[PDB]
Amino acid sequence: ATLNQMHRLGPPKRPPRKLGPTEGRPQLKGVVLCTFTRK
Amino acid sequence: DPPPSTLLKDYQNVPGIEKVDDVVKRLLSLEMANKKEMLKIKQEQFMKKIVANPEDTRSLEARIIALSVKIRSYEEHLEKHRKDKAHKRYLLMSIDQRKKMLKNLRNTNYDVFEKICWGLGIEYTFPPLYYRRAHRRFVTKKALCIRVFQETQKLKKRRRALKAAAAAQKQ
Amino acid sequence: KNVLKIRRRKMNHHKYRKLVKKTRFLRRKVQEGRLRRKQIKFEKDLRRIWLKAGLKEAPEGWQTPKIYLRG
Amino acid sequence: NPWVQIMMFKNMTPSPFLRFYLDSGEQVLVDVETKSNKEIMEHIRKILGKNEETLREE
Amino acid sequence: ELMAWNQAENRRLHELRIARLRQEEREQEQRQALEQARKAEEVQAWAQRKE
Amino acid sequence: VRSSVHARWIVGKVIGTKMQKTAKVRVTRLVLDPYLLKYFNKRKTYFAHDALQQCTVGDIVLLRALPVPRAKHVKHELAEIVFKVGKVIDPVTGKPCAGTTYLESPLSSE
RNA sequence: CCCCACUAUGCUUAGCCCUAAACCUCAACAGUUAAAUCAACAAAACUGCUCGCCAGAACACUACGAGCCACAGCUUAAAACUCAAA
RNA sequence: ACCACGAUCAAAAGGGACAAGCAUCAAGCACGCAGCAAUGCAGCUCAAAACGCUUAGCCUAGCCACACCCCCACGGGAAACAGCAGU
Ligand SMILES: [K+]
Ligand SMILES: [K+]
Ligand SMILES: [Mg+2]
Ligand SMILES: [Mg+2]
Ligand SMILES: [Mg+2]
Ligand SMILES: [Mg+2]
Ligand SMILES: [Mg+2]
Ligand SMILES: [Mg+2]
Ligand SMILES: [Mg+2]
Ligand SMILES: [Mg+2]
Ligand SMILES: [Mg+2]
Ligand SMILES: [Mg+2]
Ligand SMILES: [Mg+2]
Ligand SMILES: [Mg+2]
Ligand SMILES: [Mg+2]
Ligand SMILES: [Mg+2]
Ligand SMILES: [Mg+2]
Ligand SMILES: [Mg+2]
Ligand SMILES: [Mg+2]
């Protein structure tokens, strides 16, 4: 892009990092509902 | 438009053109020529009427006059050819290029800019700041917001008299 | 080049057109309901204006038009 | 000079020039036609620039 | 003293401008003389052809 | 000489004259882009008191800060029309000009 | 797919619709052929300037919102889950 | 100490400056100006991002905000550790 275009866009807006199954936490407490096996 | 009897721009200054047979005058007049020959006469009239030097064709004044004659020709063409999209484009582009000339003439020579507008009958208009679709929801809300403003103004004046009247009674 | 990317889009578009054809009567009932809610949301937007300006009713002679109907 | 307004104008007059507006209300016209950019910088430094002594003290 | 020195530098540049403009008028007149001669021949030729 | 207005002297272009005795002036300043380290124009609007309604849209004007603002948005007054739109006078020669061309030669008055 | 018949339609007028592999998939303007010529292929390699656009795949010419003479439409256009590719 | 037409310190007020994401938030809906007043004019902001939504204490010798809630705290809900230790 041109300098005018880079100035007009500004710095690249980095998308906020997604949160995995733990929702950004190291561990979670849980209560077992059922047990089974997966292929 | 110039009269049909008007001589062509090329034959108007030849010596002895006023003493030739009437038939020769018809053959050298606008009546026997295409419309482009009538437009050259219109351009010449506007030049002498407006520009200080009618022989300078490269000045910003002459170009506005030359382009203004083309614009009137397109408007007359489109009056008879309303589905001619090619010439409708040429008209809109030519109007946009004359505004760009008038803008640059206004910025450099205002006294000449005024004579060009009077001479050609052009009403210079400043562009709108924002070009955005006035859709139904916008055109309805803007109308309501103007009505609401008008009503609030009336109520505020009826709150000036009642307060004024009560104040007088105390005296 | 191969047309493998076009082919993916070809099938996506084919299946979408067929889905719309299979459900065109349900989609028409949904569209009607959305336009009704859209009209109500518009009327509320205008009513908020005159109410926040101190008026108790709409400006004299004002009738909110139906700007989303086919008519 | 971050707090000094600098505004540029193209092709408005037949010759190039600088004009300074001072807080007192005085205006300083500097004709720069025929002068090199290095001469322009040296000219305005002399008439309106702080000397090296004033800067050392600061 | 610097404001007066700046006004004096401008007056000096003005005299150089006036001298430069005088040399440009003499050259403009020479060219403008030839173009009128040439333009007059083209008119007389064009006028004769039309006549 | 003291004033409560921040911008004491500013040059700008008149962009509006629809208010009574008030000219709307666009003032541009150079601002450094920290990443690109390039200067870009940043424009701001100022209302300026124009008692004689002599300002025309497009002319360059000099604004002077008032001692105290006279209105919510009017903090300056018209001090001088620097470049009248289409009627510029060359400051170097004092002669009228149309763009980069003189309308009256400097050699006329010697 | 092949043969026959025939309609909408291809035509005109008056209004809509606004979509194409609308691709010469190669933006406008100015300039260069020397240096390093240069991933491959294609239509040799580049400079200046400007606008537009792009940032893994798929989801997705999709959903929702909005606009529109469009009502099985068009334009604008995401996210979640999934993969280590594409 | 007092007076300091002073210095220091620092409110209120006036001017300027000052986070992030979303434009599928694109229009805001009174947001301006003049006048001693009466009143007059119809303007003001915005794709150079107004208005709106969402997120977040910040620019850390420290600063800002809050002090159970109703932004506030006459009043009301109600009966308060976001002081230390502690539950
Ligand atoms: K092609
Ligand atoms: K609180
Ligand atoms: Mg092949
Ligand atoms: Mg698919
Ligand atoms: Mg048929
Ligand atoms: Mg035919
Ligand atoms: Mg084609
Ligand atoms: Mg393309
Ligand atoms: Mg282009
Ligand atoms: Mg992708
Ligand atoms: Mg499509
Ligand atoms: Mg769609
Ligand atoms: Mg939809
Ligand atoms: Mg304060
Ligand atoms: Mg959406
Ligand atoms: Mg928080
Ligand atoms: Mg507590
Ligand atoms: Mg409280
Ligand atoms: Mg505690």
# chains A, B, ... in the order shown; residues from 1 in each chain; ligands from 1
>>> residues_near_ligand(ligand="ligand 2", cutoff="8 Å", atoms="only C-alpha atoms (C1' of nucleotides) and all ligand atoms", output="list in words")
residues 66, 67 and 71 of chain H
>>> write_last_selection(atoms="N, CA and C atoms (P, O5', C5', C4', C3', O3' and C1' of nucleotides)", output="PDB file, in the first residue's frame")
ATOM      1  P     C H  66     -15.960   9.406  41.782  1.00  0.00           P
ATOM      2  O5'   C H  66     -16.293   8.059  42.560  1.00  0.00           O
ATOM      3  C5'   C H  66     -17.076   7.042  41.955  1.00  0.00           C
ATOM      4  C4'   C H  66     -16.875   5.712  42.634  1.00  0.00           C
ATOM      5  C3'   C H  66     -17.149   5.682  44.128  1.00  0.00           C
ATOM      6  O3'   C H  66     -18.528   5.553  44.425  1.00  0.00           O
ATOM      7  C1'   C H  66     -15.087   4.618  43.687  1.00  0.00           C
ATOM      8  P     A H  67     -19.164   6.306  45.690  1.00  0.00           P
ATOM      9  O5'   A H  67     -18.717   5.415  46.929  1.00  0.00           O
ATOM     10  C5'   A H  67     -18.879   4.002  46.903  1.00  0.00           C
ATOM     11  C4'   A H  67     -18.120   3.331  48.017  1.00  0.00           C
ATOM     12  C3'   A H  67     -18.539   3.747  49.426  1.00  0.00           C
ATOM     13  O3'   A H  67     -18.438   2.634  50.312  1.00  0.00           O
ATOM     14  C1'   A H  67     -16.254   4.222  49.119  1.00  0.00           C
ATOM     15  P     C H  71     -28.611   6.371  39.622  1.00  0.00           P
ATOM     16  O5'   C H  71     -27.164   6.514  40.273  1.00  0.00           O
ATOM     17  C5'   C H  71     -26.132   5.588  39.974  1.00  0.00           C
ATOM     18  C4'   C H  71     -24.843   6.285  39.611  1.00  0.00           C
ATOM     19  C3'   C H  71     -24.402   7.411  40.532  1.00  0.00           C
ATOM     20  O3'   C H  71     -23.740   6.944  41.695  1.00  0.00           O
ATOM     21  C1'   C H  71     -24.190   8.093  38.270  1.00  0.00           C
TER      22        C H  71
END
>>> interface_residues(of="chain F", to="chain E", cutoff="10 Å", atoms="only C-alpha atoms", output="ChimeraX atom specification")
/F:92-93,105-107,110
>>> write_last_selection(atoms="C-alpha atoms", output="JSON list (two decimals), in the first residue's frame")
[["chain", "number", "residue", "atom", "x", "y", "z"],
["F", 92, "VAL", "CA", 6.63, 40.32, -3.03],
["F", 93, "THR", "CA", 5.69, 42.90, -5.68],
["F", 105, "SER", "CA", 3.46, 43.93, -14.66],
["F", 106, "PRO", "CA", 5.85, 45.00, -11.87],
["F", 107, "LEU", "CA", 7.58, 47.14, -14.52],
["F", 110, "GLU", "CA", 9.06, 50.66, -12.04]]
>>> residues_near_ligand(ligand="ligand 8", cutoff="10 Å", atoms="only C-alpha atoms (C1' of nucleotides) and all ligand atoms", output="NGL selection string")
:G and (21-23 or 25-26)
>>> interface_residues(of="chain B", to="chain C", cutoff="8 Å", atoms="only C-alpha atoms", output="compact mmCIF listing (two decimals) with N, CA and C atoms, in the first residue's frame")
# COMPACT_ATOMS: atom_id res chain seq x y z
N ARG B 136 -35.41 5.71 2.16
CA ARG B 136 -36.73 5.99 2.72
C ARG B 136 -36.65 6.26 4.22
N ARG B 137 -35.95 5.40 4.96
CA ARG B 137 -35.90 5.55 6.41
C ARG B 137 -35.24 6.87 6.80
N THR B 140 -37.64 9.91 5.83
CA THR B 140 -38.79 10.00 6.73
C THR B 140 -38.37 10.53 8.09
N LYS B 141 -37.25 10.03 8.63
CA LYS B 141 -36.81 10.49 9.94
C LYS B 141 -36.38 11.95 9.91
N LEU B 144 -39.43 14.02 10.05
CA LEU B 144 -40.02 14.03 11.39
C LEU B 144 -39.19 14.88 12.34
N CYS B 145 -37.87 14.80 12.25
CA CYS B 145 -37.01 15.56 13.15
C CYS B 145 -37.12 17.05 12.89
N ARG B 147 -40.05 18.42 11.82
CA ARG B 147 -41.36 18.74 12.38
C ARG B 147 -41.30 18.83 13.90
N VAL B 148 -40.57 17.91 14.54
CA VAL B 148 -40.44 17.96 15.99
C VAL B 148 -39.76 19.24 16.42
N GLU B 151 -42.23 22.16 16.17
CA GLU B 151 -43.23 22.18 17.24
C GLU B 151 -42.61 22.61 18.56
N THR B 152 -41.39 22.16 18.85
CA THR B 152 -40.74 22.57 20.09
C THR B 152 -40.51 24.07 20.12
>>> select_by_dssp(residues="range 12-124 of chain B", states="alpha helix (DSSP H)", output="mmCIF file with N, CA and C atoms, in the first residue's frame")
data_model
loop_
_atom_site.group_PDB
_atom_site.id
_atom_site.type_symbol
_atom_site.label_atom_id
_atom_site.label_comp_id
_atom_site.auth_asym_id
_atom_site.auth_seq_id
_atom_site.Cartn_x
_atom_site.Cartn_y
_atom_site.Cartn_z
ATOM 1 N N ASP B 22 -27.675 36.946 -54.163
ATOM 2 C CA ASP B 22 -28.370 36.386 -53.011
ATOM 3 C C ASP B 22 -28.159 34.881 -52.920
ATOM 4 N N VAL B 23 -28.111 34.200 -54.067
ATOM 5 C CA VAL B 23 -27.894 32.756 -54.061
ATOM 6 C C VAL B 23 -26.552 32.424 -53.424
ATOM 7 N N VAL B 24 -25.523 33.221 -53.717
ATOM 8 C CA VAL B 24 -24.214 32.972 -53.123
ATOM 9 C C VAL B 24 -24.250 33.242 -51.626
ATOM 10 N N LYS B 25 -25.108 34.163 -51.182
ATOM 11 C CA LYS B 25 -25.224 34.428 -49.752
ATOM 12 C C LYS B 25 -25.928 33.282 -49.040
ATOM 13 N N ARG B 26 -26.903 32.655 -49.699
ATOM 14 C CA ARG B 26 -27.549 31.483 -49.118
ATOM 15 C C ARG B 26 -26.569 30.324 -48.986
ATOM 16 N N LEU B 27 -25.692 30.150 -49.974
ATOM 17 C CA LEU B 27 -24.764 29.029 -49.961
ATOM 18 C C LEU B 27 -23.632 29.218 -48.965
ATOM 19 N N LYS B 35 -24.952 21.833 -38.177
ATOM 20 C CA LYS B 35 -25.111 22.533 -36.908
ATOM 21 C C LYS B 35 -23.772 22.953 -36.319
ATOM 22 N N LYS B 36 -22.714 22.175 -36.555
ATOM 23 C CA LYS B 36 -21.404 22.545 -36.032
ATOM 24 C C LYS B 36 -20.975 23.925 -36.510
ATOM 25 N N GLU B 37 -21.418 24.338 -37.698
ATOM 26 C CA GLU B 37 -21.097 25.681 -38.165
ATOM 27 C C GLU B 37 -21.874 26.736 -37.390
ATOM 28 N N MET B 38 -23.098 26.418 -36.967
ATOM 29 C CA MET B 38 -23.846 27.337 -36.119
ATOM 30 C C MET B 38 -23.216 27.456 -34.738
ATOM 31 N N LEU B 39 -22.577 26.389 -34.254
ATOM 32 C CA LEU B 39 -21.959 26.439 -32.934
ATOM 33 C C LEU B 39 -20.695 27.285 -32.938
ATOM 34 N N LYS B 40 -19.981 27.333 -34.064
ATOM 35 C CA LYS B 40 -18.802 28.188 -34.147
ATOM 36 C C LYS B 40 -19.190 29.657 -34.074
ATOM 37 N N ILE B 41 -20.353 30.008 -34.624
ATOM 38 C CA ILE B 41 -20.829 31.383 -34.536
ATOM 39 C C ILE B 41 -21.226 31.715 -33.105
ATOM 40 N N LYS B 42 -21.873 30.773 -32.414
ATOM 41 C CA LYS B 42 -22.242 31.007 -31.021
ATOM 42 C C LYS B 42 -21.009 31.184 -30.150
ATOM 43 N N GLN B 43 -19.982 30.364 -30.375
ATOM 44 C CA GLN B 43 -18.749 30.497 -29.608
ATOM 45 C C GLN B 43 -18.094 31.848 -29.855
ATOM 46 N N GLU B 44 -18.145 32.334 -31.096
ATOM 47 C CA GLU B 44 -17.522 33.616 -31.410
ATOM 48 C C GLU B 44 -18.250 34.765 -30.728
ATOM 49 N N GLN B 45 -19.583 34.720 -30.702
ATOM 50 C CA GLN B 45 -20.346 35.772 -30.039
ATOM 51 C C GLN B 45 -20.021 35.829 -28.552
ATOM 52 N N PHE B 46 -19.980 34.669 -27.892
ATOM 53 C CA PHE B 46 -19.697 34.645 -26.461
ATOM 54 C C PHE B 46 -18.299 35.171 -26.164
ATOM 55 N N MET B 47 -17.336 34.895 -27.044
ATOM 56 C CA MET B 47 -15.969 35.341 -26.801
ATOM 57 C C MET B 47 -15.887 36.862 -26.779
ATOM 58 N N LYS B 48 -16.387 37.515 -27.830
ATOM 59 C CA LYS B 48 -16.340 38.971 -27.878
ATOM 60 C C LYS B 48 -17.133 39.586 -26.733
ATOM 61 N N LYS B 49 -18.223 38.933 -26.331
ATOM 62 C CA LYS B 49 -19.087 39.490 -25.298
ATOM 63 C C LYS B 49 -18.462 39.392 -23.909
ATOM 64 N N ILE B 50 -17.569 38.427 -23.683
ATOM 65 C CA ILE B 50 -17.085 38.097 -22.349
ATOM 66 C C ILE B 50 -15.585 38.335 -22.215
ATOM 67 N N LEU B 60 -8.336 30.196 -19.757
ATOM 68 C CA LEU B 60 -9.370 29.484 -19.016
ATOM 69 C C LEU B 60 -10.754 30.025 -19.338
ATOM 70 N N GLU B 61 -10.843 31.299 -19.722
ATOM 71 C CA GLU B 61 -12.130 31.879 -20.092
ATOM 72 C C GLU B 61 -12.656 31.260 -21.379
ATOM 73 N N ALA B 62 -11.805 31.185 -22.403
ATOM 74 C CA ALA B 62 -12.245 30.674 -23.695
ATOM 75 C C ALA B 62 -12.652 29.212 -23.598
ATOM 76 N N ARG B 63 -11.916 28.424 -22.814
ATOM 77 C CA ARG B 63 -12.255 27.014 -22.658
ATOM 78 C C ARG B 63 -13.626 26.844 -22.016
ATOM 79 N N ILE B 64 -13.943 27.665 -21.012
ATOM 80 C CA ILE B 64 -15.265 27.596 -20.396
ATOM 81 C C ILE B 64 -16.340 27.952 -21.413
ATOM 82 N N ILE B 65 -16.045 28.898 -22.305
ATOM 83 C CA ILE B 65 -17.009 29.267 -23.335
ATOM 84 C C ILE B 65 -17.111 28.166 -24.381
ATOM 85 N N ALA B 66 -15.970 27.626 -24.810
ATOM 86 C CA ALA B 66 -15.983 26.528 -25.769
ATOM 87 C C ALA B 66 -16.735 25.327 -25.211
ATOM 88 N N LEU B 67 -16.478 24.983 -23.948
ATOM 89 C CA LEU B 67 -17.155 23.840 -23.346
ATOM 90 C C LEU B 67 -18.627 24.128 -23.088
ATOM 91 N N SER B 68 -18.973 25.376 -22.771
ATOM 92 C CA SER B 68 -20.373 25.714 -22.539
ATOM 93 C C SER B 68 -21.200 25.582 -23.810
ATOM 94 N N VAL B 69 -20.606 25.867 -24.970
ATOM 95 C CA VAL B 69 -21.323 25.688 -26.227
ATOM 96 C C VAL B 69 -21.549 24.208 -26.504
ATOM 97 N N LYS B 70 -20.546 23.374 -26.223
ATOM 98 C CA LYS B 70 -20.725 21.934 -26.370
ATOM 99 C C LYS B 70 -21.822 21.420 -25.448
ATOM 100 N N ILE B 71 -21.895 21.948 -24.226
ATOM 101 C CA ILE B 71 -22.899 21.476 -23.277
ATOM 102 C C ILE B 71 -24.299 21.778 -23.792
ATOM 103 N N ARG B 72 -24.501 22.971 -24.353
ATOM 104 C CA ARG B 72 -25.821 23.317 -24.868
ATOM 105 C C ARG B 72 -26.181 22.454 -26.070
ATOM 106 N N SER B 73 -25.185 22.076 -26.874
ATOM 107 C CA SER B 73 -25.447 21.202 -28.011
ATOM 108 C C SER B 73 -25.865 19.811 -27.553
ATOM 109 N N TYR B 74 -25.220 19.286 -26.507
ATOM 110 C CA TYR B 74 -25.616 17.985 -25.978
ATOM 111 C C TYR B 74 -27.025 18.035 -25.403
ATOM 112 N N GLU B 75 -27.355 19.115 -24.695
ATOM 113 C CA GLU B 75 -28.691 19.243 -24.127
ATOM 114 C C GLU B 75 -29.749 19.273 -25.219
ATOM 115 N N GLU B 76 -29.467 19.963 -26.325
ATOM 116 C CA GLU B 76 -30.400 19.964 -27.447
ATOM 117 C C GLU B 76 -30.459 18.595 -28.111
ATOM 118 N N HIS B 77 -29.313 17.926 -28.243
ATOM 119 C CA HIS B 77 -29.301 16.569 -28.781
ATOM 120 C C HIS B 77 -30.149 15.635 -27.928
ATOM 121 N N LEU B 78 -29.956 15.676 -26.608
ATOM 122 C CA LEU B 78 -30.659 14.756 -25.725
ATOM 123 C C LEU B 78 -32.137 15.097 -25.599
ATOM 124 N N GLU B 79 -32.530 16.330 -25.925
ATOM 125 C CA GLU B 79 -33.950 16.660 -25.964
ATOM 126 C C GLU B 79 -34.672 15.856 -27.037
ATOM 127 N N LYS B 80 -33.980 15.527 -28.129
ATOM 128 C CA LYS B 80 -34.534 14.695 -29.188
ATOM 129 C C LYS B 80 -34.144 13.230 -29.062
ATOM 130 N N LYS B 85 -27.515 6.991 -24.403
ATOM 131 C CA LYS B 85 -26.704 6.944 -23.193
ATOM 132 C C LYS B 85 -25.292 7.462 -23.436
ATOM 133 N N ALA B 86 -24.781 7.330 -24.661
ATOM 134 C CA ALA B 86 -23.431 7.799 -24.952
ATOM 135 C C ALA B 86 -23.330 9.310 -24.789
ATOM 136 N N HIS B 87 -24.289 10.048 -25.352
ATOM 137 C CA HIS B 87 -24.250 11.503 -25.273
ATOM 138 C C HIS B 87 -24.701 12.009 -23.912
ATOM 139 N N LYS B 88 -25.539 11.244 -23.213
ATOM 140 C CA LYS B 88 -25.887 11.601 -21.843
ATOM 141 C C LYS B 88 -24.658 11.556 -20.944
ATOM 142 N N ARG B 89 -23.773 10.583 -21.167
ATOM 143 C CA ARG B 89 -22.511 10.546 -20.437
ATOM 144 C C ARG B 89 -21.642 11.750 -20.782
ATOM 145 N N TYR B 90 -21.542 12.081 -22.071
ATOM 146 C CA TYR B 90 -20.734 13.226 -22.478
ATOM 147 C C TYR B 90 -21.250 14.516 -21.854
ATOM 148 N N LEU B 91 -22.570 14.655 -21.736
ATOM 149 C CA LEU B 91 -23.132 15.844 -21.107
ATOM 150 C C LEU B 91 -22.724 15.930 -19.643
ATOM 151 N N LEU B 92 -22.929 14.848 -18.891
ATOM 152 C CA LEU B 92 -22.625 14.873 -17.465
ATOM 153 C C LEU B 92 -21.135 15.075 -17.217
ATOM 154 N N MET B 93 -20.282 14.460 -18.038
ATOM 155 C CA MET B 93 -18.846 14.679 -17.890
ATOM 156 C C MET B 93 -18.469 16.113 -18.233
ATOM 157 N N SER B 94 -19.086 16.679 -19.271
ATOM 158 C CA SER B 94 -18.749 18.041 -19.670
ATOM 159 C C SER B 94 -19.177 19.044 -18.609
ATOM 160 N N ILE B 95 -20.341 18.827 -17.997
ATOM 161 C CA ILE B 95 -20.763 19.676 -16.887
ATOM 162 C C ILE B 95 -19.779 19.565 -15.730
ATOM 163 N N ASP B 96 -19.259 18.361 -15.482
ATOM 164 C CA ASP B 96 -18.304 18.181 -14.395
ATOM 165 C C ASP B 96 -16.963 18.834 -14.704
ATOM 166 N N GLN B 97 -16.597 18.936 -15.983
ATOM 167 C CA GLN B 97 -15.326 19.557 -16.337
ATOM 168 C C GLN B 97 -15.434 21.073 -16.396
ATOM 169 N N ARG B 98 -16.624 21.601 -16.684
ATOM 170 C CA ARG B 98 -16.814 23.044 -16.619
ATOM 171 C C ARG B 98 -16.806 23.529 -15.175
ATOM 172 N N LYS B 99 -17.418 22.766 -14.268
ATOM 173 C CA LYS B 99 -17.352 23.112 -12.851
ATOM 174 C C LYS B 99 -15.913 23.115 -12.360
ATOM 175 N N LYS B 100 -15.092 22.201 -12.877
ATOM 176 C CA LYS B 100 -13.687 22.175 -12.494
ATOM 177 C C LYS B 100 -12.935 23.363 -13.076
ATOM 178 N N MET B 101 -13.345 23.839 -14.253
ATOM 179 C CA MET B 101 -12.768 25.061 -14.804
ATOM 180 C C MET B 101 -13.239 26.284 -14.028
ATOM 181 N N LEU B 102 -14.540 26.361 -13.742
ATOM 182 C CA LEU B 102 -15.066 27.511 -13.013
ATOM 183 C C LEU B 102 -14.465 27.598 -11.617
ATOM 184 N N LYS B 103 -14.273 26.454 -10.962
ATOM 185 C CA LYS B 103 -13.605 26.450 -9.665
ATOM 186 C C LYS B 103 -12.209 27.052 -9.777
ATOM 187 N N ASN B 104 -11.443 26.624 -10.783
ATOM 188 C CA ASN B 104 -10.075 27.111 -10.927
ATOM 189 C C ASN B 104 -10.039 28.562 -11.387
ATOM 190 N N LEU B 105 -11.062 29.012 -12.114
ATOM 191 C CA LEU B 105 -11.126 30.415 -12.504
ATOM 192 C C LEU B 105 -11.530 31.292 -11.327
ATOM 193 N N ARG B 106 -12.456 30.810 -10.500
ATOM 194 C CA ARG B 106 -12.831 31.541 -9.296
ATOM 195 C C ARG B 106 -11.638 31.711 -8.364
ATOM 196 N N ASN B 107 -10.772 30.699 -8.285
ATOM 197 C CA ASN B 107 -9.642 30.759 -7.364
ATOM 198 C C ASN B 107 -8.542 31.689 -7.859
ATOM 199 N N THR B 108 -8.431 31.891 -9.171
ATOM 200 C CA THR B 108 -7.336 32.665 -9.746
ATOM 201 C C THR B 108 -7.743 34.067 -10.176
ATOM 202 N N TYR B 110 -11.213 36.309 -9.905
ATOM 203 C CA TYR B 110 -12.616 36.406 -9.521
ATOM 204 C C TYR B 110 -13.381 37.374 -10.415
ATOM 205 N N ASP B 111 -12.763 38.497 -10.787
ATOM 206 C CA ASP B 111 -13.458 39.461 -11.635
ATOM 207 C C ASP B 111 -13.819 38.845 -12.978
ATOM 208 N N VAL B 112 -12.919 38.035 -13.537
ATOM 209 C CA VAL B 112 -13.223 37.336 -14.778
ATOM 210 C C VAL B 112 -14.218 36.214 -14.526
ATOM 211 N N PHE B 113 -14.126 35.557 -13.369
ATOM 212 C CA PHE B 113 -15.091 34.518 -13.024
ATOM 213 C C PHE B 113 -16.507 35.077 -12.981
ATOM 214 N N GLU B 114 -16.659 36.320 -12.524
ATOM 215 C CA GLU B 114 -17.984 36.925 -12.461
ATOM 216 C C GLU B 114 -18.518 37.228 -13.855
ATOM 217 N N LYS B 115 -17.656 37.714 -14.749
ATOM 218 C CA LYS B 115 -18.101 38.030 -16.100
ATOM 219 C C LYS B 115 -18.463 36.766 -16.871
ATOM 220 N N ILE B 116 -17.742 35.671 -16.625
ATOM 221 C CA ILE B 116 -18.059 34.411 -17.290
ATOM 222 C C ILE B 116 -19.421 33.899 -16.843
ATOM 223 N N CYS B 117 -19.735 34.038 -15.554
ATOM 224 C CA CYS B 117 -21.015 33.548 -15.056
ATOM 225 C C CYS B 117 -22.169 34.387 -15.587
ATOM 226 N N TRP B 118 -22.017 35.711 -15.582
ATOM 227 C CA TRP B 118 -23.058 36.578 -16.124
ATOM 228 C C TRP B 118 -23.213 36.372 -17.625
ATOM 229 N N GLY B 119 -22.094 36.318 -18.349
ATOM 230 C CA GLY B 119 -22.164 36.207 -19.796
ATOM 231 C C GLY B 119 -22.791 34.907 -20.260
ATOM 232 N N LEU B 120 -22.473 33.802 -19.587
ATOM 233 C CA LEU B 120 -22.976 32.490 -19.965
ATOM 234 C C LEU B 120 -24.232 32.088 -19.206
#
>>> residues_near_ligand(ligand="ligand 4", cutoff="8 Å", atoms="only C-alpha atoms (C1' of nucleotides) and all ligand atoms", output="list in words")
residues 8, 9, 11, 12 and 15 of chain C
>>> write_last_selection(atoms="N, CA, C and O atoms", output="tab-separated table (two decimals), in the first residue's frame")
chain	number	residue	atom	x	y	z
C	8	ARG	N	-16.17	-26.32	-6.21
C	8	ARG	CA	-16.69	-26.19	-4.86
C	8	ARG	C	-17.78	-25.12	-4.79
C	8	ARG	O	-18.85	-25.34	-4.23
C	9	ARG	N	-17.52	-23.95	-5.38
C	9	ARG	CA	-18.52	-22.89	-5.41
C	9	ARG	C	-19.73	-23.30	-6.25
C	9	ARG	O	-20.86	-22.93	-5.92
C	11	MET	N	-21.08	-26.28	-6.57
C	11	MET	CA	-21.96	-27.14	-5.78
C	11	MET	C	-22.62	-26.36	-4.65
C	11	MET	O	-23.81	-26.53	-4.38
C	12	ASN	N	-21.85	-25.51	-3.96
C	12	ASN	CA	-22.44	-24.68	-2.91
C	12	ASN	C	-23.62	-23.89	-3.43
C	12	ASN	O	-24.69	-23.85	-2.81
C	15	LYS	N	-26.66	-26.20	-4.34
C	15	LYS	CA	-27.40	-26.68	-3.17
C	15	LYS	C	-28.17	-25.55	-2.50
C	15	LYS	O	-29.27	-25.77	-1.99
>>> residues_near_ligand(ligand="ligand 11", cutoff="12 Å", atoms="only C-alpha atoms (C1' of nucleotides) and all ligand atoms", output="PyMOL selection string")
(chain C and resi 9-10+12-14+16-17) or (chain G and resi 18-20+61-62+73-75)
>>> residues_near_ligand(ligand="ligand 19", cutoff="12 Å", atoms="only C-alpha atoms (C1' of nucleotides) and all ligand atoms", output="list in words")
residues 81, 82, 83, 84, 85, 86 and 87 of chain H
>>> residues_near_ligand(ligand="ligand 14", cutoff="10 Å", atoms="only C-alpha atoms (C1' of nucleotides) and all ligand atoms", output="PyMOL selection string")
chain H and resi 10-14
>>> residues_near_ligand(ligand="ligand 18", cutoff="8 Å", atoms="only C-alpha atoms (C1' of nucleotides) and all ligand atoms", output="list in words")
residues 67, 69, 72 and 73 of chain H
>>> residues_near_ligand(ligand="ligand 15", cutoff="12 Å", atoms="only C-alpha atoms (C1' of nucleotides) and all ligand atoms", output="PyMOL selection string")
(chain G and resi 63-66+76-79) or (chain H and resi 22-25)
>>> residues_around(residues="range 47-55 of chain D", least_positions_apart="3", cutoff="7 Å", atoms="only C-alpha atoms (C1' of nucleotides)", output="ChimeraX atom specification")
/D:43-44,58 /E:2-3
>>> write_last_selection(atoms="C-alpha atoms", output="compact mmCIF listing (two decimals), in the first residue's frame")
# COMPACT_ATOMS: atom_id res chain seq x y z
CA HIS D 43 18.17 32.90 6.08
CA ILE D 44 15.28 32.08 8.42
CA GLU D 58 18.18 25.85 27.69
CA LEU E 2 17.22 41.44 11.74
CA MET E 3 13.79 42.60 10.55
>>> residues_around(residues="residue 10 in chain A", least_positions_apart="5", cutoff="10 Å", atoms="only C-alpha atoms (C1' of nucleotides)", output="CSV table (one decimal) with N, CA and C atoms, in the first residue's frame")
chain,number,residue,atom,x,y,z
A,4,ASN,N,0.2,7.1,2.0
A,4,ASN,CA,-1.1,7.6,2.4
A,4,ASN,C,-2.1,6.6,2.8
A,5,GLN,N,-2.1,5.4,2.2
A,5,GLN,CA,-3.0,4.3,2.5
A,5,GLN,C,-2.6,3.7,3.9
F,33,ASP,N,3.3,11.3,11.7
F,33,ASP,CA,2.9,9.9,11.9
F,33,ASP,C,4.0,9.2,12.6
F,35,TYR,N,4.7,6.0,13.3
F,35,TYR,CA,5.2,4.8,12.7
F,35,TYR,C,5.9,5.2,11.4
F,36,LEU,N,5.2,5.9,10.5
F,36,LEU,CA,5.8,6.2,9.2
F,36,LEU,C,6.8,7.4,9.3
